[PDB]
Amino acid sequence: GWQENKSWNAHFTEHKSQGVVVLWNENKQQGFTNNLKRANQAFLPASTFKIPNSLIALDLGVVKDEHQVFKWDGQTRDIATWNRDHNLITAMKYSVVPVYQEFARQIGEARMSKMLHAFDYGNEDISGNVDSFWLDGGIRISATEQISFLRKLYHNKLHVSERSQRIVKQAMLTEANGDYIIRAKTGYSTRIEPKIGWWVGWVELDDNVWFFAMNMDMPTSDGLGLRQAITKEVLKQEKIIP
């Protein structure tokens, strides 16, 4: 089904890394990946889980809108940007775990489980703490499963309101120029080996949309920038972005 393009391995090998990029051409309904096996390997979603978590929190009114302020709890954490008040936009932008842990507690494990089943999300397993299972519990999702979920969100087909989906897609906005719009979410899974980085999302063109999902070995935080860099190299190689 998917076409394998092993030449993209060159972009990982340049940085003494390994990983997978998965692309989906929405118009043609064709998929491409450098590694058919790793494309289907399920990992902790880590902070890419902020996408379904945001959708669920909005649909249940835990988050009223993208302006609602979630005040800092006063606990100083290692990521300076977390130590301040946030709304949905900035909590996504800075991947603010304590804000989303409060969402998850308010959602509760019964509703969290039902929504992930409704979303057909990964292995639909929330075993672990209700406020950390996407970092060190049972939930597992592959890059191709991320594409599936993102396609539903793009088409407003997920089992939540249209408004919720529109707001989350606004919150995913990452980059836009006159050539393309990227809506995406990064993730860095460090609590359980193997430590991996994620980038999942899509590229909007005038006449098409390319969905992507990538993950890569990430032993130290020094390489986090390679998630976007390698993905963009693949997008350029494939003539999706100039």
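All residue numbers refer to positions in the sequence shown, first residue = 1.
Mean CA B-factor, 75-83 versus 117-125: the higher value falls on 75-83.
For the two regions 141-149 and 107-115, the entry's Cα B-factors average higher over 107-115. Ranking 194, 197, 45, 52 by the C-alpha B-factor listed in the PDB entry places 194 at the top. Residue 186 sits in the lowest third of its chain by CA B factor, as recorded in the PDB entry. For residue 204, the recorded CA temperature factor ranks within the lowest third of the chain's modelled residues. Among all modelled residues in this chain, the alpha-carbon of residue 135 has a temperature factor (C-alpha) in the lowest third. In the deposited entry, the Cα temperature factor of residue 21 sits in the bottom third of values across the chain's modelled residues. Residue-level temperature factors show residue 63 in the middle third of its chain, judged at the C-alpha atom.
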